[PDB]
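All remarks here apply to the structure that follows.
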Protein chains: 2
Amino acid sequence: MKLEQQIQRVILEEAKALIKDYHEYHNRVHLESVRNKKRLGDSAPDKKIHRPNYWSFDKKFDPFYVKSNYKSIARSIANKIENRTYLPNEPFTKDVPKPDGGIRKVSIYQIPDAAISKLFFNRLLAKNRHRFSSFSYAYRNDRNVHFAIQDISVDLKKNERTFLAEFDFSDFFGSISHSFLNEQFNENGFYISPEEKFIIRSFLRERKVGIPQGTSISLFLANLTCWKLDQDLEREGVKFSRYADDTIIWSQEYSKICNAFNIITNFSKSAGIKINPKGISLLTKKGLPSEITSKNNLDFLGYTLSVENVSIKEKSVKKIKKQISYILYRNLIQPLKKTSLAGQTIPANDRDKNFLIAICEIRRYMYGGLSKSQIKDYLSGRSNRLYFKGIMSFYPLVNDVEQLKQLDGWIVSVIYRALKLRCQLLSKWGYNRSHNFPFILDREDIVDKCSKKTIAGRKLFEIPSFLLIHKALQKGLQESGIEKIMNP
Amino acid sequence: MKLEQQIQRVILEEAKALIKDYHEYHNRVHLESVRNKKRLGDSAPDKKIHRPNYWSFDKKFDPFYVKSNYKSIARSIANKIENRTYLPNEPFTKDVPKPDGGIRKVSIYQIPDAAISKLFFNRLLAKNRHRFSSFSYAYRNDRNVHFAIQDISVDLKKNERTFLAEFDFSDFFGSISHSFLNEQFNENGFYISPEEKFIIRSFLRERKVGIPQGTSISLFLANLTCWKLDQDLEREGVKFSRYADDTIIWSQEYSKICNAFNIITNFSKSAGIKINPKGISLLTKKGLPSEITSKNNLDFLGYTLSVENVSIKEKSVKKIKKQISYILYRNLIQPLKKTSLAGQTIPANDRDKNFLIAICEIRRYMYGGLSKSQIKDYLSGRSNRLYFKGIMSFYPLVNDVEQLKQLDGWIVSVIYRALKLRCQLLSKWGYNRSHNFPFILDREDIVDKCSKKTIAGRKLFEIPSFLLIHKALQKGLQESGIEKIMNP
RNA sequence: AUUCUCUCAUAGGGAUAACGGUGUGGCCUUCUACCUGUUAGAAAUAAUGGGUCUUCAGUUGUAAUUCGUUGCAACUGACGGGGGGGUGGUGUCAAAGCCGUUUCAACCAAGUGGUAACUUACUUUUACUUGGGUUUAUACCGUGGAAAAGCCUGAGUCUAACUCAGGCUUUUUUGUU
RNA sequence: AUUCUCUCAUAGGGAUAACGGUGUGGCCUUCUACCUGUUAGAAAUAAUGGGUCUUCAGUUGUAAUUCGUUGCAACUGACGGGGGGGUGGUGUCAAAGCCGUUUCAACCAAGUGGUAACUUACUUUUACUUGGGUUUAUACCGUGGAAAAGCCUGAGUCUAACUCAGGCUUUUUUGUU
């Protein structure tokens, strides 16, 4: 297997994946434009197929061009690597404002460069996995981060007291001396081949100071750079997880966390660049008090972890509520708030197509489109597999029944209120439908009525419930684990 | 995917693997009997195809019977699991004498029970991998134990003073209360499903006290029973590895090792059964002295690990020498020590077929059959892949050039001496061949002459060298890692 | 029968001789520096049959250098143990030493009180075979078929002896070849 | 051209209109409790069209029990928020409270100084769609072909005006369908 053939395969697969994503993009845009025409009538805006802007910044950001000449690109890249002259082209960088007031600098390399990065740095990560720490993730959406969450959750539940602290490694990775990185190349038993060292040094030479964040090379270079920090924190006995440019360190002892702070600074001085906490707190039971500055629950990647349970962060709950409310608004209010309702089917005959579309959109967003019979069949044993899609799939570890029950109530209440406003708007337009099915139900009846309603032999009006899919998620976690339910 | 179908697949695959192994066994026996006929002439023993004894102790130990009625076996096993009456049949148990003076009780379950054990306990180990420790292995031949070795090796090289201690958990797993095991079923975030709990309890009920060792269920149950010991040792800051019923705990601090001893004592008390050391020592540079009872090098699974290098254990070197010496003896002396040399080709015309067979046997044992051109192409870059088979494949981490150089000298010397004895014996039988090629070379010439010799255009007289394949092993470790060279 | 198929199936029924593999060589194709006859051929190469090195470290010169280092020469420094018995120089006031010269030893053995054996072997596991796939020959485990030999039992004539029937063991060819 | 093919190839040449995908439905097949018309049929079922629950905790009885627990009934305990404005009881010496009664609110909002909008959207990533595979219809991105309309430029007769040629933009059908 020659290197040129390997580069060919990698570049071609990356290009094909991007092409497939764009094809599905424009197909989705067309299907949605057809549905939106049906929804907003003549007011429906016209389709607008966009192509990513960075496709034009360089021709090699474009999947279609790279697929046009991936053989020549791979040929030249292999020759440049063999002659040790290869240097990656500049990536597209956009500065996104971090909510904490910082700046996260994304880097989108060109398809050839990204392909080479994956080919080599996935190999280096696989070859050196046992030298790296446990809970080290390059992205804050990585599916494996929940393992770290699980650990902290378990610890929080068991430990009488859990001291925690947080750190921002953003500036560390923005400006870390590449000479320090190079000093780590032959330490901690890392198996880095000479050609791999050339590719690492080439991607670093393309940069000037710091490691590119959010890239195929980020995880490996971070682990290689922070290997001594990880070793010192493990020798102290604290547990830690690095996700992107954030690090959480928790322990059962105050002295241990203090010494961890000391370790981070010894590492900061040795690296030439400082690491600053977001800082330190104690997590205890809600009833019991604290001696040091403390909070009841930590917020860790969309989870509010407490000594009593794991729940969804209020920001994440707000996002869920935003999506559900906008589903209902888009399908049941926005069309009726236009200047003309021409081409928009007005509900009649005890049938609202808009309400079915909205309930189904909410069901897709939450369950992934599952029926309550499917979920109950999984919960009973009748069925041995239930696909776990939707928003709850991203919160597999939630065990807060009260939160999900409250969100159930909120879903029902918002359905009632939006339907009432839809009736009011319809009546303004001159279509009395209050007595009809979708607008006559009282709130304390919606669920029941919609549960009984059937169309095409399938109950497509049932109001989706977070608690049912939570039951299923708990069973699926106890039967398959986290990794098997966050992707099929 | 129903449970019966899953059991069917597993039982059939296990039976087929065993059948394939037996077929290859008798085919090998025949090929070797043909070669041995050629070697020992009329004195050659007759073939004797054996079948494993345990195949007859129960019909389900026999792969062929299980393949005969694997459908009925799977049907009944699935029904028994669903009705929660399944109980594994007694395994075959032979008590082997451990060199330390102990007894290792191996357990060979029947093909159905082994298949079920794999099906469920591999799932459990995968689903709970992140809850387990790093260096936990169920066999002392597991390919991943070398990662643990690598870790300690690195530590030894970097640390001045590496306090080590060793522990025997043999009696712990021989008699651990199954109630303690059951108490751990709902701890450390372990995801164990109800059916998995039934299967664990069934395999335990089949036993009475302790965990079966050397089985598919050994690793998981050992991790589940020792999870709190692992957590305590990790909080202390010591690093440890459990291989089978052996545990090595190392640290850079004496206080940490002493506190680890205290932890093991407490865990022994909480389990109702004691854990005894083999005990506590300090590993330092060869030149520098020590305070406490100390040794220059620890012996860990075929490795003599020192602060200066990693070498092969003297017992393992003895084993290598035994195999090479017997190869030469069998092919060059034993046939000539028989009563009659009838049917045995006597060397003449400057060709010794026996010497070629012996050199090729040694090459297979050492290199795996590689040519020195293949190894030099890998070492140079001409060739990008060299399969790593033979004895050195089991010692991928050796970096002791002196040991390999000494073994090179020993190979050349033993070749010379065995050839000289072959010449003497041949002359007794009345066949003077001292002037001929295989009996004329001086020791300090053997390699050179054998290097230049060629047959079929390929140099199959070259004396195999440990150091060349060590160069190749080092390059392959720096290019592919441990996991990729211990199995292709 | 280890094949194929039925039984509310970790066990039992049937029906056919096949099923499952092994070494060699062939094509396919994965990667492989240089120099060469001699076959084709118009110097483009291919199959073939002979040969050479190919690694690591330092020094120095040179080019790049984001000051971690990197490409190229080209010079030497290693690149095949240890032990026993004699014997020469060294190399010192003696002597350890350590240079080399010859003999002994199949290994353990640089050791045991002593030293032979062993590979379908001993064993804490000391464990694996030649990049992936497929078909001309030589085969293999089991099962089936055929023949021969030996032994035992029973029946007919019956002093002997002969014939028939049943059972058991062993050895040879083949359909997979 | 995003197809196919050549150049010692991160770039350039050519040749053809195709390539790459999407929703629906069909078969294949993975797993799916019970009760039912009405179609086939001799009660063996299949496609169909309607309906019910299916989870968790405790108590008790019972069977196993390696004393961790496990199968089965069968009884209740939860199993769809919060807020604002009025209003009844409670439930106390007042009052917090907390039972229920009606209205308001699309969400954020249990809040902002104020409250609307928004899904190809905002964003630290807030990220994904209905078990696997394949073909009748409706399509999609790009490219190609055809037609129509508009604008600009040049040429001939030339006051006008007409004709031709070139370029640019937009909109419609199809070969993939």
Side-chain angles (χ1 to χ4, degrees), chain A residues 1-2 23 26-27 29-31 49-50 60 64 67-68 72-73 75-77 84 96 98-99 104 112 139-141 178-179 182-183 205 208 318-319 321-322 325-326 328-329 333 364 368-369 376-377 379-380 382-385 387 389 394 405-406 408-410 412-414 417-418 421 447 465 471, chain B residues 19 23 26-27 29-31 49-50 60 64 67-68 72-73 75-77 84 96 98-99 104 112 139-141 179 182-183 205 208 318-319 321-322 325-326 328-329 333 364 368-369 376-377 379-380 382-385 387 389 394 405-406 408-410 412-414 417-418 421 447 465 471:
Chain A
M1 182 40 25
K2 314 180 57 56
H23 282 303
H26 64 62
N27 284 138
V29 180
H30 169 93
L31 223 46
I49 288 329
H50 309 87
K60 271 159 300 320
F64 298 103
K67 192 163 195 307
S68 88
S72 67
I73 289 166
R75 207 225 200 210
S76 183
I77 282 168
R84 295 292 189 274
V96 315
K98 274 174 19 143
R104 166 174 215 168
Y139 317 87
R140 308 196 316 94
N141 66 309
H178 285 183
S179 62
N182 271 127
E183 267 146 352
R205 257 180 41 249
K208 298 292 165 283
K318 274 166 127 73
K319 247 256 190 187
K321 286 189 175 182
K322 175 63 196 310
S325 60
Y326 175 81
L328 294 157
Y329 179 68
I333 292 166
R364 205 182 77 101
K376 285 165 179 153
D377 282 337
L379 292 167
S380 63
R382 185 174 301 174
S383 147
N384 77 341
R385 41 198 201 70
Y387 73 78
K389 303 230 82 83
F394 301 87
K405 212 142 82 53
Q406 295 161 6
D408 261 3
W410 174 97
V412 187
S413 296
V414 169
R417 289 172 198 153
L421 171 52
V447 175
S465 184
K471 289 186 238 297
Chain B
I19 280 155
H23 282 303
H26 64 62
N27 284 138
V29 180
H30 169 92
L31 241 190
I49 287 299
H50 309 87
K60 271 159 299 319
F64 298 102
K67 192 163 195 307
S68 88
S72 67
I73 289 166
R75 193 209 209 61
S76 183
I77 282 168
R84 294 292 189 274
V96 305
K98 296 186 305 196
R104 178 144 197 179
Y139 314 80
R140 308 196 316 94
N141 68 345
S179 62
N182 271 127
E183 269 177 13
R205 262 180 41 265
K208 299 293 165 283
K318 280 230 197 71
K319 198 63 38 44
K321 286 189 174 182
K322 175 63 196 310
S325 60
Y326 175 82
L328 294 157
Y329 179 68
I333 285 130
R364 205 182 77 101
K376 285 165 179 153
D377 305 322
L379 292 167
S380 63
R382 185 174 301 174
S383 161
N384 56 356
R385 41 198 201 70
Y387 70 78
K389 275 278 190 333
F394 301 87
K405 176 182 333 312
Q406 294 162 6
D408 295 356
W410 174 97
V412 187
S413 296
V414 169
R417 305 217 263 261
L421 171 52
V447 176
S465 184
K471 289 186 238 297

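Chain letters run A, B, ... following the sequence lines, proteins first and then strands; every chain starts at 1.
In D:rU125, the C1'-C2'-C3'-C4' torsion is positive, which places the sugar in the north family. A negative value of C1'-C2'-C3'-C4' puts the sugar of C:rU124 in the south, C2'-endo-like family. Sugar pucker of C:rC152: north, since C1'-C2'-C3'-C4' comes out positive. The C1'-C2'-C3'-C4' torsion of C:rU5 is positive, so its sugar falls on the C3'-endo, or north, side. With respect to the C1'-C2'-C3'-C4' torsion, C:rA94 shows a north sugar, the value lying on the positive side.
Comparing B:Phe394 and B:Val447 by the nucleotide of RNA chain C that holds the closest heavy atom to each, the one mapping nearer the 5' end is B:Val447. Each of A:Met1 and B:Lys376 has a nearest nucleotide on RNA chain C; the 5'-most of these lies closest to A:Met1.
In this structure C:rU123 sits in the syn conformation; its chi angle is within 90° of 0. C:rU65 has its base anti relative to the sugar, with a glycosidic angle deviating from 0 by more than 90°. Syn is the classification of C:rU66, since its glycosidic angle stays within 90° of 0. Under the 90° criterion around 0 for the glycosidic angle, D:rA18 counts as anti. Against the 90° criterion about 0, the sugar-base torsion of D:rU16 places it in the anti range.
Judged by distance alone, the side chain of B:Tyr329 and the main-chain N or O of B:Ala418 form no donor-acceptor pair under 3.5 Å.
Side-chain contact check for B:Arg104 versus B:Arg140: some heavy-atom pair is nearer than 4.5 Å. Considering only heavy atoms from C-beta on, B:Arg417 stays 4.5 Å or farther from B:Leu421 through its side chain. Between B:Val412 and B:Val447 the shortest side-chain heavy-atom distance falls below 4.5 Å. Using a 4.5 Å heavy-atom threshold, the side chains of B:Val414 and B:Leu328 count as touching.
Taking the side-chain contact (heavy atoms from CB on, under 4.5 Å) definition, one finds that B:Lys60 meets it with B:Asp58, B:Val66, B:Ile73, B:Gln110, B:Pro112, sequence neighbours left out. Residues satisfying the side-chain contact (heavy atoms from CB on, under 4.5 Å) test with B:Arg382, not counting sequence neighbours, are B:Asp377, B:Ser380. Partners of B:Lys319 under the side-chain contact (heavy atoms from CB on, under 4.5 Å) rule, at least two apart in sequence or in another chain, are B:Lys315. In this structure B:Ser76 satisfies the side chain to side chain donor-acceptor pair (under 3.5 Å) test with no other residue, sequence neighbours excluded. Under the rule for a side chain to side chain donor-acceptor pair (under 3.5 Å), the partners of A:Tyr326 that lie at least two apart in sequence or sit in another chain are A:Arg330. Scanning for side chain to side chain donor-acceptor pair (under 3.5 Å) contacts around B:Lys322 gives an empty result, with sequence neighbours left out. Partners of A:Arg84 under the side-chain contact (heavy atoms from CB on, under 4.5 Å) rule, at least two apart in sequence or in another chain, are A:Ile81, A:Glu195, A:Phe198.
Overall bending of the helix from D:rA146-D:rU172 to D:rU157-D:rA161, expressed as the angle between end axes built from five pairs apiece, is 0° (10° steps).
Taken together, C:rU87 and C:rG100 constitute a Watson-Crick or G-U wobble pair, since both relevant N/O distances lie under 3.5 Å. With both hydrogen-bonding distances under 3.5 Å required, C:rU76 and C:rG71 do not qualify as a Watson-Crick or G-U wobble pair. With both hydrogen-bonding distances under 3.5 Å, D:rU52 and D:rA33 qualify as a Watson-Crick or G-U wobble pair. Under a 3.5 Å limit on both donor-acceptor distances, the bases of D:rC75 and D:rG41 fail the Watson-Crick or G-U wobble criterion. D:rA137 and D:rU48 are not base-paired: they meet neither the Watson-Crick nor the G-U wobble geometry with both distances under 3.5 Å. Nucleotide C:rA11 is annotated as paired to C:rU7 [Watson-Crick or G-U wobble, both distances under 3.5 Å].
Pairing partner, C:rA105: none, since no Watson-Crick or wobble contact has both distances short of 3.5 Å. Nucleotide D:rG114: unpaired (no Watson-Crick or G-U wobble partner with both distances less than 3.5 Å). As the counterpart of D:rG37, no nucleotide is assigned, since no Watson-Crick or G-U wobble pattern has both distances under 3.5 Å.
A gap of 12 Å separates the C1' atoms of D:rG37 and D:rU48, to the nearest Å. Separation of the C1' atoms belonging to C:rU7 and C:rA18 is 25 Å when rounded to the nearest angstrom. As rounded to the nearest Å, D:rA117 and D:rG132 have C1' atoms that lie 43 Å from one another. Spacing between C:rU24 and C:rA40 at atom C1', rounded to whole Å, works out to 31 Å. Taking atom P on both D:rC118 and D:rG13, the two are 49 Å apart, rounded to the nearest angstrom. Remark: the separation of the P atoms in C:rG145 and C:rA15 is 13 Å, to the nearest Å.
Within the nucleic acid shown, B:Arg382 comes within 4.0 Å of at least one base atom, counting heavy atoms only. Looking at heavy-atom distances under 4.0 Å, B:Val412 makes contact with a base.
Protein chain A contacts RNA chain D from D:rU2 to D:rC141, reading 5' to 3' and using non-hydrogen atoms of the protein with a distance under 4.0 Å.
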